[PDB]
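Reading through the structure tokens given below for one structure.
Coordinate-derived values only; no laboratory data. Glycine gets a Cβ as well: all are built from the backbone with ideal geometry, and neighbour counts include every protein chain shown.
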RNA sequence: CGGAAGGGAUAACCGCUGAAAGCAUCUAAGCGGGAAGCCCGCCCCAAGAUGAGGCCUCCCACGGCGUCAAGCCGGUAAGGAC
RNA sequence: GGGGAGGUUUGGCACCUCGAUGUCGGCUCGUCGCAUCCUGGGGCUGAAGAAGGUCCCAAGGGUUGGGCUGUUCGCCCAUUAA
RNA sequence: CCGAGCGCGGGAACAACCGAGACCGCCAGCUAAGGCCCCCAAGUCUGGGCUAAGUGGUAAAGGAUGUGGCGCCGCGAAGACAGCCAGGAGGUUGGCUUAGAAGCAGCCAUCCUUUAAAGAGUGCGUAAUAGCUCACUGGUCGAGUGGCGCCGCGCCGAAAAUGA
């Protein structure tokens with residue numbers, strides 16, 4: 001872990017890196033601290049809630065690091081028809097079946113990108129805000145249903161017979 | 001088939017979980033949705 | 001001021017001359033009626049030689065109040081009775097010959113075919 | 001935020017556009033700013049407004065003549081408006097420009113003894129048929145043995161009349177500076193010289 | 001003329017990161033959203049809220065006993081009651 | 001086939017009440033319980049969109065007149081968000 | 001037992017659920033029921049586990065990767081489990097019926113073969129084929145893993161009419 005700048009604080013491990021500055025509020029119940037190339041991760045016993053927080057801790061903090069390690073791959077695509085999506089101004093302007101344009105303004109921890117108005121990408125740093133806000137995009141529009149129209153991060157459509165079924 | 005005091009699995013997509021309270025039954029086809037009521 | 005008994009009249013050619021309002025086909029517990037409401041009146045009397053016959057439930061467009069309806073333009077207008085025409089179960093009146101004037105009350109309801117036939121407007 | 005004092009004059013159905021509209025004129029009158037109020041030294045958001053001056057002899061006492069700017073005492077007191085704070089000048093009418101809705105608090109005609117049929121709304125009884133004993137009365141009250149109590153807050157017979165109430169949303173039509181008459185929609189209780197004031201309405205969003 | 005509007009948490013429920021268990025998982029640590037509903041926001045009552053709270057100002061010793069203790073006693077002040 | 005829940009209906013017990021507890025249905029005045037008719041909502045579909053079938057959460061409100069019904073189960077027309 | 005003890009102490013309040021025959025006085029200590037967080041008198045006593053719902057404030061038939069402890073069996077450092085590349089075959093489309101029925105709608109039903117390895121085939125799929133598949137097996141890989149029987153506590157099953 002080269003370009004890292006480590007720090008271990010109480011219930012929250014502070015880390016800095018090339019992209020952004022962040023921490024992950026883990027737990028002051030097992031002990032971790034700055035060393036070598038990485039950081040030692042140890043639990044003080046073999047409880048089950050322990051090991052839960054073991055894989056948890058390990059991940060959590062690694063997820064903090066994945067952002068600084070240039071993990072700004074926040075992916076979006078929109079399989080449909082009249083699903084224009086523009087990088088106008090700085091932010092989201094898109095129609096996905098609705099008549100009224102959908103506008104979305106970016107919070108801190110992300111930067112914007114729209115290549116061709118049929119697929120969109122955000123470039124930011126927080127696995128929380130990644131999936132929370134991106135599934136909030138999948139909430140901007142419900143997928144497939146019978147055939148295929150709407151927003152899928154990269155998901156898939158399953159067919160449910162349209163030419164009959166409802167009778 | 002939501003909500004009933006007994007809850008079971010048919011296929012290997014079907015499973016059981018605890019969250020915010022009682023028992024919950026899932027599957028790939030969410031047509032197999034239940035609860036323990 | 002009409003209710004499920006208010007004996008009322010017609011000014012048409014078609015057949016009936018008198019009916020009896022049943023409902024108002026609106027807010028179902030309103031019942032009160034001025035120039036605009038919709039009475040599903042039960043037919044009471046008609047002309048012994050023609051179509052449409054005594055005692056068939058019919059829907060109905062309403063005109064002519066006996067207590068003047070409060071006009072927007074300051075004024076107030078009413079006729080010499082309490083009356084109007086039928087609406088049929090596929091919209092519009094089953095009529096074709098008006099007797100005497102109307103009001104722009106009806107015009108504000110947006111039913112012109114009646115108003116083009118209307119000789120005098122108030 | 002905004003507001004002004006006022007007395008009810010008129011109600012007529014003037015012809016704006018081509019229309020009969022209920023117009024209450026409100027002589028807001030000379031309402032001088034006096035005791036300003038703030039949370040720290042007092043409690044809440046308020047300023048004091050004196051409806052109209054006519055008391056030299058028949059009033060006496062501190063006079064907000066001491067306040068900082070004299071201005072004497074009105075024919076009837078200055079009042080602390082909920083939500084309002086100006087600059088230092090006399091508010092009257094022109095602060096309200098043509099085309100806005102406002103809240104309006106009235107004190108209104110009392111009545112005294114009031115019955116149910118014109119307090120709530122019940123069914124009196126037979127003007128024939130049954131007993132002529134009851135004629136006009138509410139009928140039953142509570143249940144038998146259980147519960148058995150006449151419920152607390154119940155609708156009963158007593159007083160209805162002079163109440164202090166704020167009405168919601170009425171367009172300001174016009175405004176007169178020279179004598180001081182605000183012209184708005186049609187309502188306002190109280191006598192044709194009773195007590196009523198304007199607040200800033202809580203509109204859409 | 002008005003119900004709403006808006007906020008805050010939340011249910012049934014929709015999701016993120018997430019292990020225990022190299023797989024999973026909305027949950028075990030935390031986050032998002034979510035009802036005409038809960039509280040406020042909104043209109044009324046409201047300081048016997050024996051908590052009588054807060055504020056502008058007005059008036060003003062002993063004027064007479066109670067030598068200490070608490071009051072008492074009349075003309076007044078500012079005012080008020082008839 | 002099992003077991004449970006709720007105490008609106010019809011029964012069992014006769015235990016207060018036979019040292020006067022005066023009755024169905026109708027008018028009147030409400031208040032509540034939610035196993036919820038309608039409006040909110042969500043998942044499911046043997047759910048194309050329009051509509052429907054099911055379960056769960058969700059009372060803040062709303063729920064018409066009428067003729068033969070005296071009337072216990074009426075019936076129908078006319079409505080209605082019901 | 002009460003009635004004849006609705007005399008006394010508990011049970012919150014409740015003649016018979018427990019303790020106790022009251023002759024009267026007592027500012028005398030013992031003591032039964034139950035009690036020590038309190039009103040109410042008495043240990044926030046001393047100690048080792050168990051529970052995470054307010055279980056305890058009181059419900060079931062039945063249902064569950066809620067947790068600790070006992071114990072049974074194998075895969076496995078020759079390397080398990082789990083995720084990956086790879087076959088995952090052929091007579092066989094088994095027989096048969098059947099419009100056709102190909103492992104797969106179904107009924108009758110057991111052979112062996114190229115083998116490291118493929119089941120007269122596990123679910124899905126087609127009109128029936130085709131097809132995703134998994135069991136099988138080798139590796140990659142690194143230290144445990146999956147199932148059964150048992151004893152405790154909690155979980156749901158759990159919706160009413162004044163306000164708790």
*What number of residues within segment B:1-20 satisfy the criterion of being assigned to a loop (DSSP other than H, G, I, E, B) and either within 11 Å of RNA strand F (Cβ to nearest atom) or under 24 Å from residue A:157 (Cα atoms) (or both)?*
11
_I'm checking my understanding of the structure. Among residues of segment A:142-156 that are away from RNA strand F (no atom under 11 Å from the Cβ) and in contact (Cβ under 8 Å) with a residue 60 or more places away in the chain, which one is surrounded by the most Cβ atoms within 10 Å (Cβ to Cβ)?_
A:151
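To keep it simple, each residue is scored yes or no on (1) in contact (Cβ under 8 Å) with a residue 12 or more places away in the chain; (2) exposed (fewer than 11 other Cβ atoms within 10 Å of the Cβ); (3) part of a loop (DSSP other than H, G, I, E, B).
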position: A:83; (1), (2), (3): yes, no, yes
position: A:112; (1), (2), (3): yes, no, no
position: A:122; (1), (2), (3): yes, no, no
position: A:164; (1), (2), (3): no, yes, yes
*Residue under evaluation residue A:159, criteria (1) assigned to a helix (DSSP H, G or I); (2) within 16 Å of RNA strand G (Cβ to nearest atom), criterion not met*: (1)
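Yes/no per residue for (1) under 20 Å from residue D:191 (Cα atoms); (2) away from every other protein chain (no Cβ under 14 Å); (3) surrounded by fewer than 16 Cβ atoms within 10 Å (Cβ to Cβ):
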residue: D:13; (1), (2), (3): yes, no, yes
residue: D:18; (1), (2), (3): no, no, yes
residue: D:22; (1), (2), (3): yes, no, yes
residue: D:34; (1), (2), (3): no, yes, no
residue: D:44; (1), (2), (3): no, yes, yes
residue: D:47; (1), (2), (3): no, yes, no
residue: D:62; (1), (2), (3): no, yes, yes
residue: D:65; (1), (2), (3): no, yes, yes
*Being within 11 Å of RNA strand E (Cβ to nearest atom) and touching a residue at least 24 places away in the same chain (Cβ under 8 Å) is the filter here, so list the residues in segment B:1-32 that pass it.*
B:2, B:3
*When you go through A:22, A:77, A:56 one by one, which is the residue that is away from every other protein chain (no Cβ under 14 Å), more than 14 Å from RNA strand E (Cβ to nearest atom), within 28 Å of residue A:133 (Cα to Cα) and within 21 Å of the chain's Cα centre (by Cα)?*
A:77
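Here is a list: D:99, D:153, D:161, D:130. Which entry is more than 30 Å from residue D:19 (Cα to Cα) and more than 12 Å from RNA strand F (Cβ to nearest atom)?
Values: D:99 fails: more than 30 Å from residue D:19 (Cα to Cα); D:153 fails: more than 12 Å from RNA strand F (Cβ to nearest atom); D:130 fails: more than 12 Å from RNA strand F (Cβ to nearest atom).
Exactly one residue qualifies, and that residue is D:161.
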*Meets criteria (surrounded by 12 or more Cβ atoms within 10 Å (Cβ to Cβ), over 20 Å from residue C:20 (Cα atoms) and within 14 Å of chain D (Cβ to nearest Cβ)) for residue C:104*: yes
